[PDB]
Amino acid sequence: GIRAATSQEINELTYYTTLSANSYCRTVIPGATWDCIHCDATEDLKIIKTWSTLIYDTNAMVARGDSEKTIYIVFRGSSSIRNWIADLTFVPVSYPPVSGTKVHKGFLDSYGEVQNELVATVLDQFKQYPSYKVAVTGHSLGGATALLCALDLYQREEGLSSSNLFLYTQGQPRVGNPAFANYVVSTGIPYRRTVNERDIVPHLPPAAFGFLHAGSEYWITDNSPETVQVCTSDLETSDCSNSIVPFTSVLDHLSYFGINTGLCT
């Protein structure tokens, strides 16, 4: 159906959004310090490792909130040419862990370069805090890579399944075909897919090229006071930001909840 976001979700959906926007800050990744404009909000977390992989420029980080009993994994969106050209290399390629599935190559390539050194901290981190949960967040490409990760992590069958893995993305592009959208639903991993007003990104690559989203769509429809509408299907639906097309925006994609997501502004 369609229902509306309870002030709680809304409040939780902004926190993931702040982690996502602070990641565009050179002092977080890779300074690895909470010295940014909306850094006091997340300053209680211990940053555990930061990465800036060389070919694709993938920027991600692992942090721990012990007050929150959470293990955070965060990836940054496009900030450099190497991110933009990945962004553009969308030929669908095969989805290795799941036969019959296809995913946008650039996005795959981008996670494949940080993947390993990243999956090994989380696990290290979790082997010592088996009771904490894992929240994975990301903006625009970051959301794309944040998706593949949660998947890589649920696949290593290491204690992580649906009751302790959470996914939050913001203005996230589509990642793979209808079969991939489908397999994502299967994991049952909890996935909050936020889209701000007219934002374009969530609309690219185009569905006709064989791209379909998975994820409960939290569509922000007004900003003051904030209002979010939730379309509870798990696969893409024609009733949240899909109905405002073709009147899309770029501005709308750089601001979620009042926070600048892109510029570290």
Side-chain angles (χ1 to χ4, degrees), residues 20 51 53-60 73-78 80 82-119 122 134 136-157 160-162 165-195 199-217 233-237 241-242 253:
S20 279
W51 292 264
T53 77
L54 235 101
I55 309 185
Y56 302 87
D57 203 20
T58 286
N59 266 229
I73 290 158
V74 199
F75 299 79
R76 146 193 300 170
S78 298
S80 58
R82 331 260 217 162
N83 297 149
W84 286 125
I85 288 124
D87 273 5
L88 298 156
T89 310
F90 31 80
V91 4
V93 93
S94 223
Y95 187 48
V98 180
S99 89
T101 66
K102 270 91 151 276
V103 291
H104 169 135
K105 187 176 203 278
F107 286 167
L108 198 71
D109 268 17
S110 299
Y111 166 78
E113 241 223 323
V114 61
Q115 165 157 33
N116 258 205
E117 312 219 328
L118 174 140
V119 173
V122 180
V134 183
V136 186
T137 202
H139 191 220
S140 183
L141 163 75
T145 56
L147 172 62
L148 287 182
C149 190
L151 290 196
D152 178 15
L153 288 180
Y154 167 100
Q155 278 156 203
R156 300 283 203 109
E157 243 88 74
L160 291 175
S161 36
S162 345
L165 213 38
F166 289 104
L167 188 53
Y168 293 76
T169 73
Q170 312 62 210
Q172 166 231 121
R174 292 198 166 73
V175 166
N177 61 143
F180 169 95
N182 258 113
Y183 159 59
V184 173
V185 172
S186 113
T187 60
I189 296 152
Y191 185 13
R192 240 68 112 190
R193 220 207 315 138
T194 320
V195 176
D199 177 345
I200 180 129
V201 214
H203 302 277
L204 303 171
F209 283 21
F211 293 78
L212 165 91
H213 274 303
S216 206
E217 197 180 331
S233 164
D234 288 282
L235 278 311
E236 218 177 318
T237 80
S241 56
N242 270 170
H253 168 89

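In this chain, residues are counted from 1 in sequence order. Quick note: numbers below take in every heavy atom, side chains included, and nothing from hydrogens, waters or symmetry partners.
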Q. How many angstroms lie between atom CZ of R76 and atom OG1 of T145, to the nearest 0.5 angstrom?
A. 12.0 Å
Q) Between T137 and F166, is any pair of side-chain heavy atoms under 4.5 Å apart? A) no
Q. Would a distance-only check, ignoring hydrogens and angles, find a side-chain to backbone donor-acceptor pair under 3.5 Å from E113 to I55?
A. yes
Q. Between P202 and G171, which heavy-atom pair has the shortest distance, and what is it?
A. CG-CA, 3.6 Å
Q | Minimum-distance pair of heavy atoms, taken over all atoms of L235 and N182 | A | CD1-N, 4.1 Å
Q. Could you go step by step and tell me if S20 and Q170 meet the side chain to side chain donor-acceptor pair (under 3.5 Å) rule?
A. CA-CA 8 Å; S20 279; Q170 312 62 210; 2.4 Å; yes
Q: Could you grab the distance from atom SG of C149 to atom CD1 of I73, nearest 0.5 Å is fine?
A: 4.5 Å
**Q.** Shortest non-hydrogen separation from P96 to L108 and the atoms involved
**A.** CD-CD2, 4.2 Å
Q. What distance separates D87 CG from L141 CG, expressed to the nearest 0.5 Å?
A. 5.0 Å
Q. How are the rings of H253 and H139 set relative to one another: parallel (under 30°), tilted (30 to 60°) or perpendicular (over 60°)?
A. parallel
Q. So do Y183 and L151 actually touch side chain to side chain, heavy atoms under 4.5 Å?
A. yes
(Q) Ignoring hydrogens, what is the shortest heavy-atom contact between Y56 and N83? Give both atom names and the distance. (A) O-ND2, 3.0 Å
Q: State whether a side-chain donor-acceptor pair under 3.5 Å links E217 with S241.
A: yes
Q. Within a strict 4.5 Å, meaning less than it, do heavy atoms of the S94 and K102 side chains meet?
A. yes
Q.
Just verifying a value: how many Å separate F75 CZ and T58 OG1, rounded to the nearest 0.5 Å?
A. 8.0 Å
Q) From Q172 CD over to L167 CG, what is the distance, rounded to the nearest 0.5 angstrom? A) 7.5 Å
Q) What's the shortest heavy-atom distance between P173 and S140, and which atoms? A) CD-O, 2.9 Å
Q: Please report the shortest heavy-atom distance between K105 and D109, naming the atom on each side.
A: NZ-OD2, 2.8 Å
Q: Output the distance between atom NE2 (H213) and atom CG (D234), rounded to the nearest 0.5 Å.
A: 13.5 Å
